[PDB]
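To be precise, the following lines are structure-v7.cif, and they hold mmCIF, N, CA and C atoms; chains and numbers go by the auth columns.
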```
data_structure
#
loop_
_atom_site.group_PDB
_atom_site.id
_atom_site.type_symbol
_atom_site.label_atom_id
_atom_site.label_comp_id
_atom_site.label_asym_id
_atom_site.label_seq_id
_atom_site.Cartn_x
_atom_site.Cartn_y
_atom_site.Cartn_z
_atom_site.B_iso_or_equiv
_atom_site.auth_seq_id
_atom_site.auth_asym_id
ATOM 1 N N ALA A 1 -10.126 -9.530 9.993 0.00 1 N
ATOM 2 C CA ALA A 1 -11.569 -9.855 9.917 0.00 1 N
ATOM 3 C C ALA A 1 -12.396 -8.639 9.512 0.00 1 N
ATOM 4 N N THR A 2 -12.286 -7.561 10.276 0.00 2 N
ATOM 5 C CA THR A 2 -13.016 -6.336 9.985 0.00 2 N
ATOM 6 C C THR A 2 -12.451 -5.634 8.752 0.00 2 N
ATOM 7 N N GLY A 3 -11.224 -5.147 8.868 0.00 3 N
ATOM 8 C CA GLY A 3 -10.582 -4.478 7.755 0.00 3 N
ATOM 9 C C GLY A 3 -10.023 -5.469 6.756 0.00 3 N
ATOM 10 N N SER A 4 -10.716 -5.652 5.641 0.00 4 N
ATOM 11 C CA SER A 4 -10.294 -6.610 4.630 0.00 4 N
ATOM 12 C C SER A 4 -10.221 -5.941 3.254 0.00 4 N
ATOM 13 N N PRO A 5 -9.108 -5.240 2.976 0.00 5 N
ATOM 14 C CA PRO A 5 -8.899 -4.545 1.711 0.00 5 N
ATOM 15 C C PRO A 5 -8.141 -5.380 0.669 0.00 5 N
ATOM 16 N N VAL A 6 -7.226 -6.224 1.134 0.00 6 N
ATOM 17 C CA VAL A 6 -6.374 -7.007 0.242 0.00 6 N
ATOM 18 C C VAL A 6 -6.242 -8.450 0.761 0.00 6 N
ATOM 19 N N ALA A 7 -5.046 -9.027 0.610 0.00 7 N
ATOM 20 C CA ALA A 7 -4.692 -10.355 1.117 0.00 7 N
ATOM 21 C C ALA A 7 -4.846 -10.503 2.647 0.00 7 N
ATOM 22 N N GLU A 8 -5.467 -9.511 3.301 0.00 8 N
ATOM 23 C CA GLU A 8 -5.765 -9.540 4.749 0.00 8 N
ATOM 24 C C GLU A 8 -4.530 -9.361 5.624 0.00 8 N
ATOM 25 N N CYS A 9 -3.491 -10.134 5.363 0.00 9 N
ATOM 26 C CA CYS A 9 -2.327 -10.167 6.238 0.00 9 N
ATOM 27 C C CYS A 9 -1.466 -8.924 6.083 0.00 9 N
ATOM 28 N N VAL A 10 -1.775 -8.105 5.094 0.00 10 N
ATOM 29 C CA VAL A 10 -1.001 -6.900 4.864 0.00 10 N
ATOM 30 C C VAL A 10 -1.704 -5.730 5.548 0.00 10 N
ATOM 31 N N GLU A 11 -0.949 -4.942 6.295 0.00 11 N
ATOM 32 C CA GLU A 11 -1.528 -3.914 7.143 0.00 11 N
ATOM 33 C C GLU A 11 -0.791 -2.596 6.966 0.00 11 N
ATOM 34 N N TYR A 12 -1.465 -1.586 6.431 0.00 12 N
ATOM 35 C CA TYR A 12 -0.852 -0.270 6.321 0.00 12 N
ATOM 36 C C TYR A 12 -1.108 0.595 7.544 0.00 12 N
ATOM 37 N N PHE A 13 -0.215 1.541 7.739 0.00 13 N
ATOM 38 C CA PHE A 13 -0.379 2.588 8.721 0.00 13 N
ATOM 39 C C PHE A 13 0.011 3.893 8.050 0.00 13 N
ATOM 40 N N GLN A 14 -0.545 4.994 8.501 0.00 14 N
ATOM 41 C CA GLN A 14 -0.268 6.265 7.868 0.00 14 N
ATOM 42 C C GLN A 14 0.604 7.136 8.760 0.00 14 N
ATOM 43 N N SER A 15 1.868 7.256 8.390 0.00 15 N
ATOM 44 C CA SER A 15 2.779 8.119 9.096 0.00 15 N
ATOM 45 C C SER A 15 3.095 9.341 8.239 0.00 15 N
ATOM 46 N N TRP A 16 2.122 10.251 8.193 0.00 16 N
ATOM 47 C CA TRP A 16 2.212 11.494 7.428 0.00 16 N
ATOM 48 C C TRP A 16 2.249 11.231 5.920 0.00 16 N
ATOM 49 N N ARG A 17 3.433 10.990 5.373 0.00 17 N
ATOM 50 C CA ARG A 17 3.577 10.812 3.929 0.00 17 N
ATOM 51 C C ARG A 17 4.087 9.407 3.613 0.00 17 N
ATOM 52 N N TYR A 18 3.834 8.491 4.523 0.00 18 N
ATOM 53 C CA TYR A 18 4.346 7.138 4.428 0.00 18 N
ATOM 54 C C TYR A 18 3.248 6.170 4.814 0.00 18 N
ATOM 55 N N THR A 19 2.608 5.580 3.836 0.00 19 N
ATOM 56 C CA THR A 19 1.659 4.531 4.102 0.00 19 N
ATOM 57 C C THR A 19 2.380 3.184 4.082 0.00 19 N
ATOM 58 N N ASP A 20 2.767 2.740 5.278 0.00 20 N
ATOM 59 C CA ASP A 20 3.515 1.504 5.460 0.00 20 N
ATOM 60 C C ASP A 20 2.602 0.298 5.497 0.00 20 N
ATOM 61 N N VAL A 21 2.627 -0.497 4.444 0.00 21 N
ATOM 62 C CA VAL A 21 1.868 -1.732 4.438 0.00 21 N
ATOM 63 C C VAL A 21 2.793 -2.885 4.777 0.00 21 N
ATOM 64 N N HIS A 22 2.599 -3.388 5.977 0.00 22 N
ATOM 65 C CA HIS A 22 3.367 -4.499 6.489 0.00 22 N
ATOM 66 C C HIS A 22 2.572 -5.785 6.370 0.00 22 N
ATOM 67 N N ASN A 23 3.004 -6.667 5.477 0.00 23 N
ATOM 68 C CA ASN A 23 2.345 -7.953 5.299 0.00 23 N
ATOM 69 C C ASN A 23 2.839 -8.942 6.362 0.00 23 N
ATOM 70 N N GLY A 24 2.075 -9.993 6.621 0.00 24 N
ATOM 71 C CA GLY A 24 2.531 -11.041 7.514 0.00 24 N
ATOM 72 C C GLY A 24 1.919 -12.387 7.179 0.00 24 N
ATOM 73 N N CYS A 25 1.492 -12.546 5.930 0.00 25 N
ATOM 74 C CA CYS A 25 0.830 -13.772 5.484 0.00 25 N
ATOM 75 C C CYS A 25 1.824 -14.907 5.289 0.00 25 N
ATOM 76 N N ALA A 26 3.102 -14.537 5.199 0.00 26 N
ATOM 77 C CA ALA A 26 4.222 -15.477 5.006 0.00 26 N
ATOM 78 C C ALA A 26 4.425 -15.794 3.534 0.00 26 N
ATOM 79 N N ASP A 27 3.544 -15.270 2.700 0.00 27 N
ATOM 80 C CA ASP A 27 3.688 -15.402 1.265 0.00 27 N
ATOM 81 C C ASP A 27 3.623 -14.038 0.594 0.00 27 N
ATOM 82 N N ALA A 28 4.207 -13.958 -0.588 0.00 28 N
ATOM 83 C CA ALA A 28 4.198 -12.735 -1.380 0.00 28 N
ATOM 84 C C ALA A 28 2.813 -12.461 -1.951 0.00 28 N
ATOM 85 N N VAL A 29 2.297 -11.269 -1.692 0.00 29 N
ATOM 86 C CA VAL A 29 0.994 -10.875 -2.212 0.00 29 N
ATOM 87 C C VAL A 29 1.050 -9.497 -2.836 0.00 29 N
ATOM 88 N N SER A 30 0.358 -9.337 -3.941 0.00 30 N
ATOM 89 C CA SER A 30 0.352 -8.077 -4.649 0.00 30 N
ATOM 90 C C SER A 30 -0.745 -7.201 -4.097 0.00 30 N
ATOM 91 N N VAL A 31 -0.368 -6.019 -3.656 0.00 31 N
ATOM 92 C CA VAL A 31 -1.316 -5.101 -3.083 0.00 31 N
ATOM 93 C C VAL A 31 -1.299 -3.777 -3.841 0.00 31 N
ATOM 94 N N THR A 32 -2.451 -3.168 -3.928 0.00 32 N
ATOM 95 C CA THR A 32 -2.610 -1.877 -4.567 0.00 32 N
ATOM 96 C C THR A 32 -3.266 -0.906 -3.594 0.00 32 N
ATOM 97 N N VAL A 33 -3.117 0.388 -3.830 0.00 33 N
ATOM 98 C CA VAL A 33 -3.690 1.382 -2.942 0.00 33 N
ATOM 99 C C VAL A 33 -4.427 2.431 -3.729 0.00 33 N
ATOM 100 N N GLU A 34 -5.575 2.821 -3.223 0.00 34 N
ATOM 101 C CA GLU A 34 -6.406 3.781 -3.906 0.00 34 N
ATOM 102 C C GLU A 34 -6.333 5.105 -3.171 0.00 34 N
ATOM 103 N N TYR A 35 -5.809 6.118 -3.836 0.00 35 N
ATOM 104 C CA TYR A 35 -5.582 7.396 -3.190 0.00 35 N
ATOM 105 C C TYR A 35 -6.755 8.342 -3.369 0.00 35 N
ATOM 106 N N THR A 36 -6.757 9.368 -2.535 0.00 36 N
ATOM 107 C CA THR A 36 -7.659 10.496 -2.659 0.00 36 N
ATOM 108 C C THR A 36 -7.605 11.118 -4.074 0.00 36 N
ATOM 109 N N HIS A 37 -6.511 10.892 -4.794 0.00 37 N
ATOM 110 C CA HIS A 37 -6.449 11.253 -6.206 0.00 37 N
ATOM 111 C C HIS A 37 -5.821 10.119 -7.002 0.00 37 N
ATOM 112 N N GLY A 38 -4.512 9.973 -6.868 0.00 38 N
ATOM 113 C CA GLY A 38 -3.818 8.886 -7.524 0.00 38 N
ATOM 114 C C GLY A 38 -2.401 9.259 -7.902 0.00 38 N
ATOM 115 N N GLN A 39 -1.491 9.200 -6.935 0.00 39 N
ATOM 116 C CA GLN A 39 -0.072 9.492 -7.177 0.00 39 N
ATOM 117 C C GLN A 39 0.630 8.353 -7.924 0.00 39 N
ATOM 118 N N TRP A 40 -0.166 7.520 -8.582 0.00 40 N
ATOM 119 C CA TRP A 40 0.326 6.409 -9.394 0.00 40 N
ATOM 120 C C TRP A 40 1.152 5.412 -8.573 0.00 40 N
ATOM 121 N N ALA A 41 0.448 4.453 -7.975 0.00 41 N
ATOM 122 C CA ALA A 41 1.081 3.345 -7.248 0.00 41 N
ATOM 123 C C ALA A 41 0.088 2.223 -6.887 0.00 41 N
ATOM 124 N N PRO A 42 -0.994 1.989 -7.664 0.00 42 N
ATOM 125 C CA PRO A 42 -2.016 1.036 -7.283 0.00 42 N
ATOM 126 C C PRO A 42 -1.703 -0.378 -7.781 0.00 42 N
ATOM 127 N N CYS A 43 -0.502 -0.869 -7.433 0.00 43 N
ATOM 128 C CA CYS A 43 -0.101 -2.269 -7.646 0.00 43 N
ATOM 129 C C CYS A 43 1.378 -2.483 -7.299 0.00 43 N
ATOM 130 N N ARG A 44 1.630 -3.233 -6.228 0.00 44 N
ATOM 131 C CA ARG A 44 2.985 -3.600 -5.828 0.00 44 N
ATOM 132 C C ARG A 44 2.930 -4.895 -5.020 0.00 44 N
ATOM 133 N N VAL A 45 3.775 -5.857 -5.350 0.00 45 N
ATOM 134 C CA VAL A 45 3.786 -7.121 -4.620 0.00 45 N
ATOM 135 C C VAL A 45 4.601 -6.987 -3.337 0.00 45 N
ATOM 136 N N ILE A 46 4.138 -7.639 -2.289 0.00 46 N
ATOM 137 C CA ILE A 46 4.771 -7.586 -1.005 0.00 46 N
ATOM 138 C C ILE A 46 5.580 -8.839 -0.777 0.00 46 N
ATOM 139 N N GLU A 47 6.664 -8.683 -0.080 0.00 47 N
ATOM 140 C CA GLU A 47 7.403 -9.814 0.399 0.00 47 N
ATOM 141 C C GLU A 47 6.821 -10.228 1.743 0.00 47 N
ATOM 142 N N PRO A 48 6.766 -11.532 2.028 0.00 48 N
ATOM 143 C CA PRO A 48 6.333 -12.059 3.321 0.00 48 N
ATOM 144 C C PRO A 48 6.867 -11.268 4.511 0.00 48 N
ATOM 145 N N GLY A 49 6.069 -10.333 5.008 0.00 49 N
ATOM 146 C CA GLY A 49 6.480 -9.580 6.177 0.00 49 N
ATOM 147 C C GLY A 49 7.132 -8.270 5.809 0.00 49 N
ATOM 148 N N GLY A 50 7.098 -7.951 4.526 0.00 50 N
ATOM 149 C CA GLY A 50 7.717 -6.747 4.042 0.00 50 N
ATOM 150 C C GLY A 50 6.784 -5.563 4.039 0.00 50 N
ATOM 151 N N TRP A 51 7.278 -4.467 3.495 0.00 51 N
ATOM 152 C CA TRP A 51 6.536 -3.226 3.429 0.00 51 N
ATOM 153 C C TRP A 51 6.347 -2.779 1.992 0.00 51 N
ATOM 154 N N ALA A 52 5.470 -1.811 1.824 0.00 52 N
ATOM 155 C CA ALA A 52 5.282 -1.144 0.559 0.00 52 N
ATOM 156 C C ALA A 52 4.934 0.301 0.846 0.00 52 N
ATOM 157 N N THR A 53 5.852 1.181 0.512 0.00 53 N
ATOM 158 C CA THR A 53 5.704 2.595 0.781 0.00 53 N
ATOM 159 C C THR A 53 4.768 3.218 -0.226 0.00 53 N
ATOM 160 N N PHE A 54 3.801 3.966 0.268 0.00 54 N
ATOM 161 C CA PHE A 54 2.845 4.601 -0.605 0.00 54 N
ATOM 162 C C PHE A 54 2.612 6.011 -0.122 0.00 54 N
ATOM 163 N N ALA A 55 2.608 6.947 -1.065 0.00 55 N
ATOM 164 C CA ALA A 55 2.465 8.358 -0.753 0.00 55 N
ATOM 165 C C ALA A 55 1.253 8.582 0.124 0.00 55 N
ATOM 166 N N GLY A 56 1.523 8.829 1.397 0.00 56 N
ATOM 167 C CA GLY A 56 0.473 9.025 2.358 0.00 56 N
ATOM 168 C C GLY A 56 -0.319 10.295 2.103 0.00 56 N
ATOM 169 N N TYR A 57 -0.972 10.795 3.131 0.00 57 N
ATOM 170 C CA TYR A 57 -1.840 11.951 2.990 0.00 57 N
ATOM 171 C C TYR A 57 -1.058 13.262 3.056 0.00 57 N
ATOM 172 N N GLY A 58 0.103 13.288 2.422 0.00 58 N
ATOM 173 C CA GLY A 58 0.922 14.481 2.427 0.00 58 N
ATOM 174 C C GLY A 58 0.356 15.562 1.526 0.00 58 N
ATOM 175 N N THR A 59 0.774 16.802 1.747 0.00 59 N
ATOM 176 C CA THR A 59 0.307 17.923 0.940 0.00 59 N
ATOM 177 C C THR A 59 0.889 17.848 -0.469 0.00 59 N
ATOM 178 N N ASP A 60 1.983 17.113 -0.598 0.00 60 N
ATOM 179 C CA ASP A 60 2.634 16.912 -1.887 0.00 60 N
ATOM 180 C C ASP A 60 2.130 15.610 -2.499 0.00 60 N
ATOM 181 N N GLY A 61 1.166 15.007 -1.821 0.00 61 N
ATOM 182 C CA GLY A 61 0.602 13.752 -2.251 0.00 61 N
ATOM 183 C C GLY A 61 -0.908 13.799 -2.237 0.00 61 N
ATOM 184 N N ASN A 62 -1.541 12.737 -1.763 0.00 62 N
ATOM 185 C CA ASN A 62 -2.992 12.681 -1.711 0.00 62 N
ATOM 186 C C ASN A 62 -3.421 12.141 -0.359 0.00 62 N
ATOM 187 N N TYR A 63 -3.684 10.837 -0.348 0.00 63 N
ATOM 188 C CA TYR A 63 -4.051 10.078 0.839 0.00 63 N
ATOM 189 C C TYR A 63 -4.553 8.720 0.393 0.00 63 N
ATOM 190 N N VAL A 64 -3.822 7.670 0.706 0.00 64 N
ATOM 191 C CA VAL A 64 -4.300 6.334 0.432 0.00 64 N
ATOM 192 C C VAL A 64 -5.510 6.074 1.318 0.00 64 N
ATOM 193 N N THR A 65 -6.590 5.600 0.727 0.00 65 N
ATOM 194 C CA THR A 65 -7.800 5.393 1.488 0.00 65 N
ATOM 195 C C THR A 65 -8.136 3.924 1.598 0.00 65 N
ATOM 196 N N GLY A 66 -7.889 3.190 0.533 0.00 66 N
ATOM 197 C CA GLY A 66 -8.195 1.783 0.546 0.00 66 N
ATOM 198 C C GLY A 66 -7.139 0.958 -0.136 0.00 66 N
ATOM 199 N N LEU A 67 -6.798 -0.153 0.478 0.00 67 N
ATOM 200 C CA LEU A 67 -5.926 -1.123 -0.145 0.00 67 N
ATOM 201 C C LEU A 67 -6.769 -2.067 -0.991 0.00 67 N
ATOM 202 N N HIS A 68 -6.161 -2.603 -2.015 0.00 68 N
ATOM 203 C CA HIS A 68 -6.816 -3.498 -2.953 0.00 68 N
ATOM 204 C C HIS A 68 -5.857 -4.633 -3.278 0.00 68 N
ATOM 205 N N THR A 69 -6.332 -5.841 -3.511 0.00 69 N
ATOM 206 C CA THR A 69 -5.405 -6.907 -3.853 0.00 69 N
ATOM 207 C C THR A 69 -5.094 -6.882 -5.343 0.00 69 N
ATOM 208 N N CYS A 70 -3.815 -6.799 -5.647 0.00 70 N
ATOM 209 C CA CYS A 70 -3.349 -6.663 -7.014 0.00 70 N
ATOM 210 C C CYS A 70 -3.064 -8.043 -7.604 0.00 70 N
ATOM 211 N N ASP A 71 -3.055 -8.156 -8.927 0.00 71 N
ATOM 212 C CA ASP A 71 -2.668 -9.402 -9.567 0.00 71 N
ATOM 213 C C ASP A 71 -1.249 -9.285 -10.104 0.00 71 N
ATOM 214 N N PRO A 72 -0.470 -10.383 -9.987 0.00 72 N
ATOM 215 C CA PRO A 72 0.921 -10.532 -10.422 0.00 72 N
ATOM 216 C C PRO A 72 1.365 -9.595 -11.530 0.00 72 N
ATOM 217 N N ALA A 73 1.674 -8.374 -11.141 0.00 73 N
ATOM 218 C CA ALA A 73 2.098 -7.356 -12.086 0.00 73 N
ATOM 219 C C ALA A 73 2.701 -6.152 -11.365 0.00 73 N
ATOM 220 N N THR A 74 4.002 -6.208 -11.123 0.00 74 N
ATOM 221 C CA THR A 74 4.713 -5.103 -10.503 0.00 74 N
ATOM 222 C C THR A 74 5.255 -4.152 -11.572 0.00 74 N
ATOM 223 N N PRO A 75 5.173 -2.835 -11.334 0.00 75 N
ATOM 224 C CA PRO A 75 5.725 -1.834 -12.247 0.00 75 N
ATOM 225 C C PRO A 75 7.250 -1.921 -12.333 0.00 75 N
ATOM 226 N N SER A 76 7.732 -2.474 -13.447 0.00 76 N
ATOM 227 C CA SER A 76 9.157 -2.690 -13.681 0.00 76 N
ATOM 228 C C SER A 76 9.703 -3.790 -12.771 0.00 76 N
ATOM 229 N N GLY A 77 9.676 -5.013 -13.285 0.00 77 N
ATOM 230 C CA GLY A 77 10.150 -6.152 -12.525 0.00 77 N
ATOM 231 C C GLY A 77 11.477 -6.663 -13.045 0.00 77 N
ATOM 232 N N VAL A 78 12.519 -5.869 -12.855 0.00 78 N
ATOM 233 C CA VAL A 78 13.858 -6.235 -13.296 0.00 78 N
ATOM 234 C C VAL A 78 14.620 -6.904 -12.160 0.00 78 N
#
```
Since I need it in another form, could you write the structure as structure tokens?
Amino acid sequence: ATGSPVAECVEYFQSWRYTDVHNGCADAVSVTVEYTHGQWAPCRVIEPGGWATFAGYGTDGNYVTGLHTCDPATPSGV
């Protein structure tokens, strides 16, 4: 309700250099993340209840600040 960055059911946490977005909508949703700079990862689809690792606020990274809902387009869908 309060934090609504993407499909809602997806929830990230910041564990140093690991922004774990755990979805729970029961459906696949594409989520993107906006970093303090941009370590290139602002679009990845989630599996129902799955995760999406994103370069957290590490010194070798940036810091994801906001999640965004992505449209059906994963980087390399083989």
Handout entry: Expected selection from the PyMOL selection byres (((chain N and resi 51 and name CA) around 9) and name CA), given as a PyMOL selection string
Key = chain N and resi 10-12+20-23+46-50+52-53
Practice task
Given the file shown, enumerate the residues that the PyMOL selection byres ((chain N and resi 63) around 6) captures and present them as a ChimeraX atom specification.
Solution key: /N:34-37,55-58,61-62,64-65
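Note that the spacing between atom CA of residue 33 of chain N and atom CA of residue 66 of chain N amounts to 5.7 Å.
Interatomic distance, atom CA of residue 69 of chain N to atom CA of residue 39 of chain N: 17.6 Å.
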Exercise for the section: Please report, as a PyMOL selection string, each residue of chain N to which DSSP assigns strand (DSSP E or B) when run on this structure's backbone. Expected result: chain N and resi 11-14+19-22+29-35+44-46+64-69
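Among N:24, N:72, N:16, N:3, the residue with the shortest atom-to-atom distance to residue 59 of chain N, counting all atoms listed in the file, is N:16.
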Practice task
Can you turn the PyMOL selection byres ((chain N and resi 30) around 7) into a concrete residue list for this file, as a PyMOL selection string?
Solution key: chain N and resi 7+28-29+31-32+43-46+68-73
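Across the model, the gap from atom CA of residue 9 of chain N to atom CA of residue 27 of chain N is 9.4 Å.
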With the input short on atoms, add N, CA, C and O atoms back to segment 26-37 of chain N and write it as a PDB file, in the coordinates of the input.
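Now in part.pdb:
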```pdb
ATOM      1  N   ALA N  26       3.102 -14.537   5.199  1.00  0.00           N
ATOM      2  CA  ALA N  26       4.222 -15.477   5.006  1.00  0.00           C
ATOM      3  C   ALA N  26       4.425 -15.794   3.534  1.00  0.00           C
ATOM      4  O   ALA N  26       5.355 -16.507   3.162  1.00  0.00           O
ATOM      5  N   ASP N  27       3.544 -15.270   2.700  1.00  0.00           N
ATOM      6  CA  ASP N  27       3.688 -15.402   1.265  1.00  0.00           C
ATOM      7  C   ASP N  27       3.623 -14.038   0.594  1.00  0.00           C
ATOM      8  O   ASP N  27       3.108 -13.071   1.166  1.00  0.00           O
ATOM      9  N   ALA N  28       4.207 -13.958  -0.588  1.00  0.00           N
ATOM     10  CA  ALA N  28       4.198 -12.735  -1.380  1.00  0.00           C
ATOM     11  C   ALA N  28       2.813 -12.461  -1.951  1.00  0.00           C
ATOM     12  O   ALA N  28       2.229 -13.311  -2.628  1.00  0.00           O
ATOM     13  N   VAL N  29       2.297 -11.269  -1.692  1.00  0.00           N
ATOM     14  CA  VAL N  29       0.994 -10.875  -2.212  1.00  0.00           C
ATOM     15  C   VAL N  29       1.050  -9.497  -2.836  1.00  0.00           C
ATOM     16  O   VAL N  29       1.692  -8.594  -2.316  1.00  0.00           O
ATOM     17  N   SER N  30       0.358  -9.337  -3.941  1.00  0.00           N
ATOM     18  CA  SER N  30       0.352  -8.077  -4.649  1.00  0.00           C
ATOM     19  C   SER N  30      -0.745  -7.201  -4.097  1.00  0.00           C
ATOM     20  O   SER N  30      -1.903  -7.604  -4.028  1.00  0.00           O
ATOM     21  N   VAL N  31      -0.368  -6.019  -3.656  1.00  0.00           N
ATOM     22  CA  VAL N  31      -1.316  -5.101  -3.083  1.00  0.00           C
ATOM     23  C   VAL N  31      -1.299  -3.777  -3.841  1.00  0.00           C
ATOM     24  O   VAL N  31      -0.273  -3.350  -4.359  1.00  0.00           O
ATOM     25  N   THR N  32      -2.451  -3.168  -3.928  1.00  0.00           N
ATOM     26  CA  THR N  32      -2.610  -1.877  -4.567  1.00  0.00           C
ATOM     27  C   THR N  32      -3.266  -0.906  -3.594  1.00  0.00           C
ATOM     28  O   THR N  32      -3.899  -1.335  -2.632  1.00  0.00           O
ATOM     29  N   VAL N  33      -3.117   0.388  -3.830  1.00  0.00           N
ATOM     30  CA  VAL N  33      -3.690   1.382  -2.942  1.00  0.00           C
ATOM     31  C   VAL N  33      -4.427   2.431  -3.729  1.00  0.00           C
ATOM     32  O   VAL N  33      -3.958   2.888  -4.776  1.00  0.00           O
ATOM     33  N   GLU N  34      -5.575   2.821  -3.223  1.00  0.00           N
ATOM     34  CA  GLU N  34      -6.406   3.781  -3.906  1.00  0.00           C
ATOM     35  C   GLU N  34      -6.333   5.105  -3.171  1.00  0.00           C
ATOM     36  O   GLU N  34      -6.699   5.192  -1.996  1.00  0.00           O
ATOM     37  N   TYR N  35      -5.809   6.118  -3.836  1.00  0.00           N
ATOM     38  CA  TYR N  35      -5.582   7.396  -3.190  1.00  0.00           C
ATOM     39  C   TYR N  35      -6.755   8.342  -3.369  1.00  0.00           C
ATOM     40  O   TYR N  35      -7.627   8.140  -4.218  1.00  0.00           O
ATOM     41  N   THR N  36      -6.757   9.368  -2.535  1.00  0.00           N
ATOM     42  CA  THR N  36      -7.659  10.496  -2.659  1.00  0.00           C
ATOM     43  C   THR N  36      -7.605  11.118  -4.074  1.00  0.00           C
ATOM     44  O   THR N  36      -8.544  11.780  -4.510  1.00  0.00           O
ATOM     45  N   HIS N  37      -6.511  10.892  -4.794  1.00  0.00           N
ATOM     46  CA  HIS N  37      -6.449  11.253  -6.206  1.00  0.00           C
ATOM     47  C   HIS N  37      -5.821  10.119  -7.002  1.00  0.00           C
ATOM     48  O   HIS N  37      -6.507   9.389  -7.711  1.00  0.00           O
TER      49      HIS N  37
END
```
